[PDB]
């Protein structure tokens, strides 16, 4: 159903001359902190979705470098092909106003301005800048609508409310309820797929749950230790990020060691290393606190953890002890005395898929 081809800039040029690619096109771009995958999507035979993209490196760590890539693409591509571009959607790893202005970025310098992009890739009134988890959320909806939900998402635990509005198995469809998508990677991403009961419609509402000040449990001292390193009141992202895992790893080993990065800490936990595993537990404990607060504030039917990080950490979630402690923490809220946290079904992405690119495409269709 879901098809993405990674190619060099030149292989892409040739692929598009195929009679298969002689149809209407959407320009799409998934932009992250290091790299960006940009290219073209078509509708395929038997209702399928086929994309071809090339990887660019964000060498300059500047969001305005994207313009170069667009121009590079327009010249180095045949006009016949560009003429079939009927819609243009990219995502960026920051907050976006009016689908047009991508806001201050943690990693990257500058501001994403739709009005500076070339109209041959971004047709007026048929183009948009999304936040990366806005795109993610359109992706989750694309997966549900293509009926392959259980191919790509696995249930972590079923909540109370699932059977009250759905008779199908948990994880077989997104559900006629709000879905909160959380992407713990470089940054902590969050979007709310709102469910409008009047018209049974799902709508993607971007969030910045990651930049909320962390509320206390019994961790006052642990929060204050990071407060004194950052010289900032910790937010969720400070505890649930690359930097966050490093922090938990430094707090566990209780002494100087030679450097290991988040990457190295994950690799070590997958090899059975006690200390790295305790770092991952700690990380997942703050991730579940984002969930318990948001389970009350936003009343989701489902919470879905998405991204490469989540798929690559499958070793962590398969362990039923890790899952049991995550679940205990997801219920660790005063409002659990009335069942609010128990209501919620948690899922995780269990198979690699660029949600963001599928989401840029679904967004292009609604436009």
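Residue numbers count along the first chain shown, from 1.
Discussion item. Using only C-alpha atoms and the B-factors in the entry, which stretch averages higher, 134 to 142 or 270 to 278?
Written reply: On average, C-alpha B-factors are higher across 270 to 278.
Worksheet item: Hey, which bit's got the bigger mean C-alpha B factor in the entry, 39 to 47 or 337 to 345?
Response: Per the PDB entry, the higher value belongs to 39 to 47.
Item to complete: Would you mind finding, among 165, 245, 129, 181, the residue with the largest C-alpha temperature factor in the entry?
Response: Each of 165, 245, 129, 181 was compared by C-alpha B-factor; the highest is 165.
Worksheet item: Which one, 52, 298, 314, 330, has the peak C-alpha temperature factor per the PDB entry?
Response: That would be 52.
Worksheet item: Against its chain's modelled residues, does residue 320's Cα B factor rank lowest, middle or highest third?
Response: Highest third of the chain for residue 320's C-alpha B-factor.
Worksheet item: residue 109: which third of its chain by C-alpha temperature factor?
Response: It falls in the top third of the chain.
Worksheet entry | Chain thirds of CA B-factor: placement of residue 57 | Highest third of the chain for residue 57's C-alpha B-factor.
Discussion item. Taking only the Cα B-factors deposited for this chain, tell me whether residue 306 sits in the lowest, middle or highest third.
Written reply: CA B-factor rank for residue 306: lowest third.
Practice prompt. Please rank the C-alpha B-factors of the chain's modelled residues and tell me whether residue 75 sits in the lowest, middle or highest third.
Written response: Ranked within chain, residue 75 CA B lands in the highest tercile.
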